[PDB]
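Read the structure below first, then the notes.
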Amino acid sequence: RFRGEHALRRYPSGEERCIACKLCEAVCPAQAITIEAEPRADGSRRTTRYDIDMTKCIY
Amino acid sequence: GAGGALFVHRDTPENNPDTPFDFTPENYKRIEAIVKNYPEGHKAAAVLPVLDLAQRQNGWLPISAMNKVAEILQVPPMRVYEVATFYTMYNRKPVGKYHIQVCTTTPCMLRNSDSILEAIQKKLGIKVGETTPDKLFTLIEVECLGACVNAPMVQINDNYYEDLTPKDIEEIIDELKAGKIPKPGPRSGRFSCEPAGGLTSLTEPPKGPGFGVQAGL
Amino acid sequence: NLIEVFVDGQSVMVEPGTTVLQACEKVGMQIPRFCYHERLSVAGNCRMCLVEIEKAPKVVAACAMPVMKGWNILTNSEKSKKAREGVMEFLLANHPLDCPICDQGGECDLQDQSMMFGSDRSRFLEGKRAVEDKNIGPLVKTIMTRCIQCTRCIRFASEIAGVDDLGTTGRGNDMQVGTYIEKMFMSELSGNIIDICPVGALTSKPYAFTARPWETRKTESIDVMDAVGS
Amino acid sequence: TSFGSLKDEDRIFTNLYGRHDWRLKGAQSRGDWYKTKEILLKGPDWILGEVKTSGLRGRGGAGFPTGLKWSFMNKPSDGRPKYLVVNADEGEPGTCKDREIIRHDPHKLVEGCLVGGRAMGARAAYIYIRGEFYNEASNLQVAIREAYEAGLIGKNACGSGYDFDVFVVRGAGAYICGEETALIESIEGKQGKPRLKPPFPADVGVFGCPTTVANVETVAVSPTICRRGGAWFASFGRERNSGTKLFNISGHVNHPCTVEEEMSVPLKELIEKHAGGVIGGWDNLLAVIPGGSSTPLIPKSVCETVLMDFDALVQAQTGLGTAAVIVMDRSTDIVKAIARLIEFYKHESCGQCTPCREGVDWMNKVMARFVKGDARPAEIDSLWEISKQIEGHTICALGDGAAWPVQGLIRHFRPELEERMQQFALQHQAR
Amino acid sequence: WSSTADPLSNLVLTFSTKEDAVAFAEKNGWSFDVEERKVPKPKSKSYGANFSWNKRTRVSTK
Amino acid sequence: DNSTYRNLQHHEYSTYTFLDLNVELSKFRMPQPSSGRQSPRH
Ligand SMILES: Cc1cc2nc3c(=O)[nH]c(=O)nc-3n(C[C@H](O)[C@H](O)[C@H](O)COP(=O)(O)O)c2cc1C
Ligand code: SF4
Ligand code: SF4
Ligand code: SF4
Ligand code: SF4
Ligand code: FES
Ligand code: FES
Ligand SMILES: [Mg+2]
């Protein structure tokens, strides 16, 4: 259960798991996450900017 | 159980707005007789009769036929599409020459309607939603057709064949494919919904006019 | 002349022909709804607005039932709450699990009314219905698996925009909303179906995936593209 | 007092079974079209009072006072046309009486249309006949042509100075369009989805005009009541359940048939007499559905002493409905039969409103799992709850009628459901 | 990221009354622009109008 | 005689029997009421 450095995961096929839903950004207490998204070339709902300020995050 | 028939239209060479359809002059006379059964300003009330007449003329309902009905009745083509897709007696796909519709609801299911369906399937060598390779027979399941006391029964082009057995339905299919038209009605020797053992009612001649008439009336 | 009706026992004078929903609105109670729009005609099909009259054994559709003299409307009664829970249960039983990938997101009437009037658990142990998506132009994106068949877009299209190319094809649980043909719903008033759709079935295509409702700041200004001054 | 053993001199629907001529000559050989002009001259109030005294109730499902309904439509004109809509969309599974009346007594139907239209002050009567009954509709049109040629209907009908038209409208296949407001919507060239009340059809009906929707059997028995008394009709039956009735006995019975009897004949006597009893005898009986698919079922215990009557079947947690008596013997899959009924309701659902649409699909799936035991006993009460959530929360009564068979099955054969689930669990756990 | 130099960018205050808000603005010395509350006008609804005999309110679909 | 089925006239009907009967009935009809407009869209 240890909470250390952050990571963005992928599906076993190589596709990114994140769907730009901004639930983490909404729930972040310290507002450490900045998210910007748009439809991809193939129409996927994927992020273009996913920033985490690790000096603002409270882990 | 999914019906297996979609409710969206994709243009095909055999079904597109450029498909040739138009009513015959006789059918135009029939349409003009139909339309004036409804009050002026309510010509949209004739959508079902006119669409049924178009299907009777053409054998089925293409998108061109739907558009023609809409144009004739000055009603939106989307409303015509709504009616056509809602009502199950409208064939939006080509069907066989004889459209066997086996009623499979519980009153017909209690008697061996599954036997009738299996006999039809073996006789024609088709499934319960397919059409014979010679475009002669189409087989479908339907709900109650109003002849429950005469179960099991089928409907083949607005003709009821009732009190059926596998041999009876096989004979009916043989007669249809030969060319002859079988006589609709019960196949068990009954004429109508009367009990098979004998008449338990209406055994005496009917009483004539003015039998139990009120004093003043 | 005005007739006296009661909402939760509170008297209110309403004009004849006023509905239960409008009486509750007068006393300040907003009855839940999915198909009712005050700018459109009354449909009464989503059945979400069912309320209890004090002596009536049967619930009434508040959006379509005119009030009678001396009617007591029990908006927060057990029967009304159970009716709302059942209707929401059916809606979410056939609804898809698309909330994170859905642009309606945090401004969805299905989510909010489920959190306020529905249950917190599901009893649906079967499979869900998936519906093919239509294409009605480059402005409105259609994901019709999320449609709740409320016929807001159809009524708006016809009555307001004078365009009669929207409707329901088929019947039963397989009833679908669309054109039945590859036709683009092109009109000068096409985005209002995006606005009035309570679910993410109709969403803005240029705005797709870009933002979420809680992030946005609202600036109340006027329109300059024409001389109406919207 | 006992009821039954109706006499042929008192049976209203002669020419049933089609053993006599159904034409105008054959109908006039019987009592049809006799002093109809005198009845019309007596006028609306006399006809309405005669119907009210006869105490006739709706013969196409929910039994309401037809006198009260026609009095509802007896309001003064307000500059709009007036219509009687005759329901002949016999979509209820188990029912053939309307088919028999149309095919064998079309002149009785037409005379009843004329009498009811005069009572309601109606200019026209639209007989909405289901599209499967093509031959019945053609016979009806032939009889209507005969009536028009003889001058019995049309302008100066029966030489009485009353103008009345009789049109026949053939629908397509929609058991929901069988419903009265859906019938009205289908006449107007629409999908056929039931309306919300108010407005009631007696105030805003087809084309927006005042219309009264009445069953074929009701309108057909109207002129016989008019020519006869209505003290007589009230004499036949119980106090608040008067007259004769057409019963369609079908299913696991020796002689499936349609017969006419009194309105309070016991079910056991009716089955044993007019239908030859159950196939394996009365001891082989398992369940009976007395009013078509909408009404719940009753076990042999209830069927042992029950009266084929509105109130009598209401006291038995059931309903009379269309008096379609479906018989199921001990050697039947009752769960499969009820599941097939629910599948019928799923297919014959207009899909307008959420409770019936989604919940009926859900109940169809749950019953389909039930018939094979692929479920748990905790889902029986959940199914009951969802059926109760469908009932009473729908626009029309199809949602209510889709829950009553489920409720009856759960109420009377819960042990069978639990035993089948246990058997399935044993079968799958052995793997 | 999006930068700012305005302290009062995120400051929104809630008041129960236009008079209360105006009083607060006046005592705090900021300029203020007041917008009158817009409430929807009452509308007459009828389900029976969807099936009018002679009026255009009759609907072509349900 | 009550032993013969007299409803045998319906083993002759064709596709347009109902509509031809409707056409024949046209002459016997009476003028239809008018809503005052050609269509609800007018
Ligand atoms: C042939 C027929 C079919 C009917 N089907 C339905 C139906 O599917 N659903 C429903 O709620 N009512 C149904 N009804 C009942 C009607 O809504 C309505 O109560 C009836 O037609 C009125 O006739 P009555 O006054 O003679 O009873 C049906 C009635 C008839 C006669
Ligand atoms: S936006 Fe955040 S919560 Fe949503 S999918 Fe991406 S990482 Fe997960
Ligand atoms: S429409 Fe609403 S409930 Fe449905 S997926 Fe989108 S946010 Fe969720
Ligand atoms: S697409 Fe939206 S507005 Fe249209 S019927 Fe469906 S839920 Fe309602
Ligand atoms: S209960 Fe079912 S059949 Fe009746 S209006 Fe609702 S969706 Fe249609
Ligand atoms: S159940 Fe088959 S005809 Fe009615
Ligand atoms: S808001 Fe009333 S039923 Fe939809
Ligand atoms: Mg939307």
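None of the figures in this text is laboratory data; all of them are computed from the coordinates on show. For neighbour counting, all protein chains shown are included, and Cβ atoms are generated from backbone atoms with ideal geometry for every residue, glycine included.
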The base-10 log of I(q)/I(0) that the Debye equation returns for region D:303-431 at q = 0.11, 0.15, 0.17 Å⁻¹, one scatterer per C-alpha, is -0.42, -0.76, -0.95
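In Å, what Kirkwood hydrodynamic radius results for chain F from the alpha-carbon pair distances? Walk me through the numbers on the way to the answer.
On the way: mean 1/r = 0.0686 Å⁻¹.
Here the Kirkwood hydrodynamic radius works out to 14.6 Å.
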Which distance in nm do the two modelled labels at A:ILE58 and B:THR132 give, with both placed 7 Å along the Cα-to-Cβ direction? 7.9
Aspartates and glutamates within cross-link reach of E:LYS41: Cα-Cα under 17 Å, excluding same-chain residues under 8 positions apart? C:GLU15, C:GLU25, C:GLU38
Which value in nm describes the separation of the simple spin-label points at D:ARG376 and E:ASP20, placed 7 Å from the Cα toward the beta carbon? 5.1
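Tell me the relative contact order for region C:132-230 as a rounded percent, counting alpha carbon contacts under 8 Å between residues six or more apart.
Working: 117 pairs, mean separation 31.6, N = 99.
Value for region C:132-230: 32 percent.
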Projected area averaged over orientations for chain D, convex hull of C-alpha atoms, nm²: 20.8
Top of A:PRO29, A:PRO12, A:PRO39 by mean-square fluctuation, Gaussian network on chain A, Cα under 10 Å: A:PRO12
Alpha-carbon radius of gyration plus Dmax, which is the widest Cα pair, for region B:113-167 in Å: 11.2, 34
How large is ³J(HN,Hα) for each residue in region B:109-125, as worked out from phi by the Karplus curve 6.51 cos²θ - 1.76 cosθ + 1.60 (θ = phi - 60°), to whole Hz, x for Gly and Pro? 6, 4, 7, 6, 6, 4, 4, 4, 4, 5, 4, 5, 5, 5, 5, 9, x
Rounding to the nearest 10 and keeping the result within 0 to 90°, find how far the Cα-based axis of helix D:378-390 lies from the longest principal axis of chain D. 20
Please compute the Cα-Cα pair-distance distribution of chain E with 5 Å bins starting at 0, giving whole percents from short to long. 3, 11, 13, 12, 8, 7, 7, 6, 7, 9, 10, 6, 1, 0
Could you state the angle between the C-alpha long axis of helix C:78-94 and the longest principal axis of the C-alpha atoms of chain C, as a value from 0 to 90 degrees rounded to the nearest 10? 20
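Work out the length of the dipole vector of region B:1-126 about its Cα centre, built from +1 on the beta-carbon of each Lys and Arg and -1 on the beta-carbon of each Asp and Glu, and round it to the nearest 20 debye. Don't jump to the answer; show the numbers that get you there.
Details: 14 positive and 12 negative charges, 69 e Å.
It works out to roughly 340 debye.
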Taking alpha-carbon centroids only, region D:46-62 lies from region D:116-150 a number of Å equal to 21
Hey, can you rank D:407-418, D:381-392 by average C-beta count inside 10 Å, highest first? D:381-392, D:407-418
Per-residue average of other protein chain Cβ atoms inside 10 Å, peptide B:29-39 -> 6
If you put +1 on each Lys and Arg Cβ and -1 on each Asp and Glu Cβ, how big is the dipole of region D:98-176 around its Cα centre, in Debye rounded to 20? 160
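Sorted by packing (mean other beta-carbon atoms within 10 Å per residue), highest first, where do C:66-76, B:83-93 land?
Values: C:66-76: 17.2, B:83-93: 21.5.
Answer by packing, highest mean first, reads B:83-93, C:66-76.
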So what J values fall out for region C:122-134 if you push phi through Karplus, 6.51 cos²θ - 1.76 cosθ + 1.60 with θ = phi - 60°, rounded to Hz, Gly and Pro as x? 10, 10, 8, 9, 10, x, 9, 8, 10, 10, 4, 8, 9
Taking r as the C-beta separation of B:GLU171 and B:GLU71 and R0 as 51 Å, the FRET efficiency to the nearest 0.05 is 0.70
If every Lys and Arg gets +1 and every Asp and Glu gets -1 at its Cβ, then about the Cα centre chain D yields a dipole, in debye to the nearest 20, of 560
Which whole-angstrom value gives the distance between the alpha carbon centres of region C:174-222 and region D:330-397? 35
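Note down the relative contact order for chain A as a percent, whole number, built from C-alpha pairs under 8 angstrom at least six residues apart. Mind dumping the intermediate values first?
Details: 70 pairs, mean separation 16.6, N = 59.
About 28 percent, as a whole number.
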Across all Cα atoms of region D:234-294, Rg and the largest Cα-Cα distance (Dmax), in Å, are 12.3, 37
To the nearest 0.05, the calculated FRET efficiency linking D:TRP384 and C:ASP98 through their beta-carbon distance, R0 being 30 Å, is 0.45
Please list, by residue number, every one of the trypsin sites (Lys or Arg not before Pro) in chain A that is coil in DSSP and has at most 12 other beta-carbon atoms within 10 Å. A:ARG1, A:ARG3, A:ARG9, A:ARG17, A:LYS56
Give me the percent of Cα-Cα pairs in chain A that sit more than 18 Å apart, rounded to a whole number. 40
At what distance in angstrom do the alpha carbon centres of chain E and region F:9-36 lie from each other? 59
Label-point separation (nm) for D:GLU239 and D:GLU272, each offset 7 Å from Cα along Cα-to-Cβ? 2.8
Counting pairwise Cα distances across the protein assembly as shown, what percent come out greater than 40 angstrom? 48
Filtered trypsin sites (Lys or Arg not before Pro), region C:112-218: DSSP coil and at most 11 other beta carbons within 10 Å: C:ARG121, C:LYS128, C:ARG217, C:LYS218
Could you tell me which of C:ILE3, C:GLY86, C:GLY106 has its Cα farthest along the dipole of region C:1-107 towards the positive end, charges placed at Cβ (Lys, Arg +1; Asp, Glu -1), taken about the Cα centre? C:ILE3
Å³ per residue of the Cα convex hull, for region D:13-62? 111
Please compare each pair in C:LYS58/D:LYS75; C:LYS58/D:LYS388; B:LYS29/F:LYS27; B:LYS29/B:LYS177; D:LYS193/D:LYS346 to a cut-off of 22 Å on the Cα-Cα distance and tell me which ones are over it. C:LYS58/D:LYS75; B:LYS29/B:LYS177
Which one of A:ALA32, A:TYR50, A:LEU8 is farthest out on the positive end of the charge dipole of chain A, using unit charges on Cβ (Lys, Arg +1; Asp, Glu -1) and the Cα centre as origin? A:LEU8
Enter the per residue convex hull volume of region B:1-135, computed from alpha-carbon coordinates, in Å³ rounded to the nearest integer. 151
Once region C:161-230 is represented by equal point scatterers at the alpha-carbon sites, with solvent omitted, what log10 I(q)/I(0) does the Debye formula produce at q = 0.22 Å⁻¹? -1.23
Check which residues have an amide H placed less than 5 Å from D:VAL166's amide H, if you skip close sequence neighbours. D:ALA125
State the answer as a single residue: which of B:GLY208, B:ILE63, B:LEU6 lies farthest towards the positive end of the charge dipole of chain B, with beta carbon charges of +1 for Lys and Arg and -1 for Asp and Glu, about the Cα centre. B:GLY208
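Could you work out the mean projected area of the convex hull around the alpha carbons of region C:112-161, in square nanometres to one decimal?
Values: hull surface 22.1 nm².
Computed as one quarter of the Cα hull surface, the answer is 5.5 nm².
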What GluC sites (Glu not before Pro) does region E:2-62 have in DSSP loop regions with at most 15 other beta carbons within 10 Å? E:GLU35, E:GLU36
For the C:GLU78, C:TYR207 Cβ pair and Förster radius 30 Å, calculated FRET efficiency rounded to 0.05 is 0.15
